[PDB]
């Protein structure tokens, strides 16, 4: 029979789909709209995890509530935190007390994670190494093209206009790779809401910098960024909500936004369209 691969975030499931295709059974625990920072594994999830031959998760403490679940499963199956293969020097350190887990927004950096998915699959099914390698090389070429595309789109926007404010601070790697100044209403983790103070400071930032738009996300209730937009207006500045971005989760299955390449493409197109003119 075919082995079972269980993944957390959809971005990782996307890599498994492209590299392993039908050679493995794939179960993604977190679908569209799911916040990985706040996610608690259900009993059904733990069942799937307990039957998996390979478990792939992000690491870098993204899945803040699943550490123990993963801990207890090592020793009986391959468990790989794909993003922990990214060199420490390339990770963004938060006040020397945590690493930013949103590595998928620097496409070149994400190639390390994709390589880990590919290599883990080869360990799982060594007999499939050749086809996995062909599919992986094709997928990596798509990612190379995606990186170049995002960079062109970013460069098409005036430097002064490259200021991105979103529902939470998920674009730190995007900021470094593509030349954007970024701020989020909630922090790198969504574990805590933004305080009244945090909101006034960001509202002041938005008003003083005279930004054209701010963005909502598919995994955080729109209510908060909408309340933020209101605070900005009470400060004499009119900012609009430029669109909804995919931060921690991808779009629906069947749509291009339900793929890693489509998710990123949607984000850059949406951002550039709202920030331009």
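Residue numbers count along the first chain shown, from 1.
- Just going by the entry, 123 to 131 versus 170 to 178 on mean CA temperature factor gives the higher value to 123 to 131.
- Averaged over CA atoms, B-factors in the entry run higher in 251 to 259 than in the other of 19 to 27 and 251 to 259.
- Between the residues 35, 217, 53, 68, it is 68 that shows the highest Cα B-factor in the PDB record.
- By the numbers in the PDB entry, the CA B factor is greatest at 200 among 200, 190, 111, 83.
- Sorting the modelled residues of the chain by their CA temperature factor places residue 160 in the highest third.
- Ranked by C-alpha B-factor against the other modelled residues of its chain, residue 271 falls in the middle third.
- Among all modelled residues in its chain, residue 154 ranks in the highest third by Cα B-factor.
- Residue 147: CA B factor lies in the middle third for its chain, per the PDB record.
- Among the modelled residues of its chain, residue 183 has a C-alpha B-factor that falls in the middle third according to the deposited record.
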